[PDB]
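One-letter residues, chain by chain:
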Amino acid sequence: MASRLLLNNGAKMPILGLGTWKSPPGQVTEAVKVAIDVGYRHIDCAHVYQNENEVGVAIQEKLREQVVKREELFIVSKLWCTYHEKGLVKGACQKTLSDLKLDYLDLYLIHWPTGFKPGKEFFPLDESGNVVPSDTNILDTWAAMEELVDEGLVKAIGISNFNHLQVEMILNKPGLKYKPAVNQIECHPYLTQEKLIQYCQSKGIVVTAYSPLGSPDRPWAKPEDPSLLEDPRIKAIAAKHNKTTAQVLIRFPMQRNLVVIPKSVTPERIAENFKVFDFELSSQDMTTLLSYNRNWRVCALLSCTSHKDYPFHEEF
Ligand SMILES: NC(=O)c1ccc[n+]([C@@H]2O[C@H](COP(=O)([O-])OP(=O)(O)OC[C@H]3O[C@@H](n4cnc5c(N)ncnc54)[C@H](OP(=O)(O)O)[C@@H]3O)[C@@H](O)[C@H]2O)c1
Ligand SMILES: CC(=O)Oc1ccccc1C(=O)Nc1ncc([N+](=O)[O-])s1
C-alpha cells in the first residue's frame, strides 16, 4: 500500500485526510494541529463548513513551528452552490484562501453540481421547500474553475457529488482545458459506488470517499438508522484483525485505491484513525464489505430533488 495517489495534474494526494464538516470553530484548530502531528498531510475543508478560519490557524501555527512545510500539506476546499456564476468563482476561491491564510489550494472542488441563487443564504428555499436555483450550468462553472489553475490560485480542480453523466459532460466539454483531478463522493459499505468508482478510475480521475464511518454525527440521524460503526458483521471483521471498526471502515476504501477523509475532533480518534497502514483486509473481507451495499445515502440533498442538475436520479 502506497500513501499517496498520483493525480492527473502531476501532483501526489495523500490517501488519508482529515474531514472537517461539523468540527466546531472552537475545536477544529486543535483537531487539525493534532492531525498534523500524528502524520495527516491532507485536510478536507469547505466554505460551507463555517470553520475555514480556524482550520487556517492550525495550519499557520504548524508552519510557524516548523512542524511541516506548505509543500508537504495537501489542502482541499470546495466552491459553494451560491457561487457557481462564472463571475463569482474567483472571488469565492479568494475568500476561502483568505480564511485559510494560504497562497494556494492543492485542490478546489465544485461542492455540488447544483447552482443556487446567488446571495447571502447558503440554502435559499421556497414555499415548497425546494431550493431556488441559479441560471448556471456545470460547463460554464467548470470553465471558471479552470481559470483558477492558470492564475495559480489552485493546483488542481475537481468535482463532488457528480454522477457519471455529469463527469462525462465535463470530459466532453467544448474547449475543455483541464480534466477534473478528483470526484469526491459518499462511499462506505452501505453505498459502495462500484460503477461510479470504476468509471472515474478508468478516466484517470481519483475518487475521494466521504462519510466513510457513516457520519454518525450527521444532524439528521434517527434511532432507526443503520450504523456502520455498530454493524456486528463489521465488528467481527475488526475483531479478527485486532482493529477498531473505524479502522476497518477507513482501510476499506484505501484498498480500493480511493482517498478517504474520516472526520474527528477527538485527539485519540484522530490518532486512532491514522493507524491504518499496519494491517490489510483480506480479499474476502473486501468482497464481504462490498456485499453490504444498500444504496443508502447520508447526503441525498433532498431539498434539491427537482434541480436540473440533481445528481442522484441517475443510476450512477
Ligand atoms: N463533498 C461533500 O459533499 C461531503 C459530504 C460529507 C462529508 N464530506 C467530508 O467528509 C468528511 C467525513 O465525513 P463525515 O464528517 O460526514 O463523517 P465520518 O467521517 O464518516 O464520521 C464522523 C463522525 O465519526 C466520529 N468518529 C471519528 N472517528 C471515530 C472513531 N475512531 N471511533 C468512533 N467514532 C469516530 C466523529 O466523532 P468526533 O468528531 O466527535 O470524534 C464524528 O461523529 C467530512 O468531515 C467532510 O470533510 C464531504
Ligand atoms: C437538512 C438540514 O438542514 O441539515 C442541517 C441541520 C442542522 C444544521 C445544519 C444542517 C445542514 O444542512 N448542514 C450542512 N452543512 C453543509 C452542507 N452541504 O454541504 O450541503 S448542509
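Basis of the calculations
The residue numbers you see begin from 1 on each chain and track the sequence as written, which may not match the entry, and residues missing coordinates are not shown. Following the order in which they are written, the chains are lettered starting with A and the ligands numbered starting with 1. For side-chain calculations, the full set of non-hydrogen atoms in the structure is used, while hydrogens and water are omitted. Residues with missing side-chain atoms are left out of burial classes, side-chain pairs and their counts. Here a pair means two rings of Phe, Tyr or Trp (six-membered ring of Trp) with centres within 6.5 Å. Their orientation is stacked below 30 degrees between planes, edge-to-face above 60, and tilted elsewhere. The helix count covers DSSP runs of H or I at least four residues long, the strand count covers runs of E at least two residues long, and both are numbered beginning at the N terminus. Throughout this description, buried means an accessible area under 20% of the type-specific maximum (1.4 Å probe, protein chains only), exposed means over 50%, and partly exposed covers the range between. Whether a charge sits over a ring comes down to the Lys NZ or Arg CZ being within 6 Å of the ring centre and within 35 degrees of the ring normal. Residues are counted as near a molecule or strand when any one of their heavy atoms sits within 4 Å of it. For this analysis, a polar contact is any N or O atom pair within 3.5 Å, provided that within protein one partner can donate a hydrogen and the other can accept it, and provided that sequence-adjacent residues contribute only side-chain to side-chain pairs. Computed by Shrake-Rupley with a 1.4 Å probe, the accessible areas treat only the displayed protein chains as cover when residues are assessed. UniProt positions are given in the numbering used here, feature names are shortened, and annotations may be inferred rather than shown by experiment. Any pair of residues with heavy atoms lying within 4.5 Å of one another is described as a contacting pair. For a helix, the expected span equals 1.5 Å multiplied by the number of residues minus one. Being paired, for any two strands, means DSSP has found at least two bridges between them. In this analysis an axis means a line fitted to C-alpha atoms, helices contributing only their contacting stretch, and an angle means the value between N-to-C directions, from 0 to 180 degrees. For this classification, under 35 degrees means roughly parallel, over 145 means roughly antiparallel, 65 to 115 means roughly perpendicular, and everything else is oblique. In a left-handed crossing the near helix is turned counterclockwise from the far helix by less than a right angle, and in a right-handed crossing that turn is clockwise. Amino acids outside the nonpolar list (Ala, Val, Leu, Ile, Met, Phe, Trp, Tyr, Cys, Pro) and the charged list (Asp, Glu, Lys, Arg) are all regarded as polar, and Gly is one of them.

For this deposition, the record names X-ray crystallography as the technique by which the model was determined and cites 1.900 Å as its resolution.

Taken as a whole and judged by the stated rule, the model has nine aromatic pairs. Each ring, one from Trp80 and one from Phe116, has its centre 5.9 Å from the other, and the planes form 90°; the classification is edge-to-face. Highlighted residues: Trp80 in the loop between β5 (74-79) and α3 (86-100) and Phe116 in the loop between β6 (107-110) and α4 (138-150), separated in sequence by 36 residues. Neither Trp80 nor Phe116 differs from the other in exposure class; each is buried. Ring centres 6.3 Å apart and planes at 80° place the aromatic pair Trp80 and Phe122 in the edge-to-face group. Pair noted here: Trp80 is in the loop between β5 and α3 and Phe122 is in the loop between β6 and α4, with a separation of 42 residues, a long-range link. Through successive ring pairs, a cluster of aromatic residues spans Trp80, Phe116, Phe122 and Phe123. Over the ring of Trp21 we find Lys22; its NZ or CZ atom is 4.4 Å from the centre of that ring. The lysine or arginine in question, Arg251, covers the ring of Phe279, its NZ or CZ lying 5.9 Å from the ring centre.

This part takes up the site of ligand 1. The local shell around ligand 1 holds 30 residues, among which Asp44, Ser211, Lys263, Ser264 and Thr266 are the closest. Within the side chain of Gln184, a nitrogen or oxygen atom sits 2.9 Å from a nitrogen atom of ligand 1. In isolation ligand 1 exposes 910 Å². Once the protein is present, 91% of that is buried.

Moving on, we come to the UniProt feature "binding site: substrate" in the protein chain. The residues that UniProt annotates with the feature "binding site: substrate" are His111. Along the chain, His111 falls in the loop between β6 and α4. Residues in contact with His111, not counting those within four places in the same chain, are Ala46, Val48, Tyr49, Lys78, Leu79, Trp80, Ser160 and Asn161.

Over its 13 residues, α4 runs 19 Å from end to end, which matches the ideal 18 Å to within 8%, given 1.5 Å per residue. Within the span of α4, buried status applies to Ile138, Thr141, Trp142, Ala143, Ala144, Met145, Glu146 and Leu148. Structurally, α4 contributes buried residues whose contacts are with β5, α3, β6, β7 (157-160) and α5 (164-171). One side-chain oxygen at the N-terminal end of α4 lies 2.9 Å from the backbone nitrogen of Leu139; it belongs to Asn137. At the C-terminal side of α4, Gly152 shows a positive phi close to 80°.

What follows deals with the sheet that holds strand β3 (residues 18-19). Ordered in space as β3-β4-β5-β6-β7-β8-β9-β10, the eight strands form an open sheet in which the pairing is parallel. Each edge of the sheet is formed by a strand with only one pairing partner; in this case those strands are β3 and β10 (259-260). The sheet contact formed by β3 and strand β4 (residues 42-44) spans two bridges and is parallel. Counterpart to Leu18 in the pairing with β4 is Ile43. Contacts between α3 and the sheet are confined to β5 and β6, with β5 contributing the most and set at about 140° to the helix.

For the pair helix α7 (residues 232-241) and helix α10 (residues 283-290), the least separation of the axes is 11 Å and the interaxial angle reads 165°. Between α7 and α10, the angle falls in the class roughly antiparallel. Viewed along their axes, α7 and α10 form a crossing whose handedness is left-handed. Touching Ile234, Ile237, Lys240 and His241 of α7 are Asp285, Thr288 and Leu289, all from α10. Of the residues belonging to the contact of α7 with α10, the class tally is three nonpolar, two polar and two charged.

Turning our eyes to something else, we now look at the site of ligand 2. As a matter of local geometry, ligand 2 sits amid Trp21, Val48, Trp80, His111, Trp112, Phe123, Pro219 and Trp220. The contact in question runs from a nitrogen atom of ligand 2 to an N or O atom on the side chain of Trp21, over 3.4 Å. Taking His111, its side chain carries an N or O atom lying 3.3 Å from an oxygen atom of ligand 2. Within the complex, 49% of the 480 Å² of free accessible area of ligand 2 lies under protein. Split into classes, the residues belonging to the shell around ligand 2 amount to seven nonpolar, one polar and no charged.

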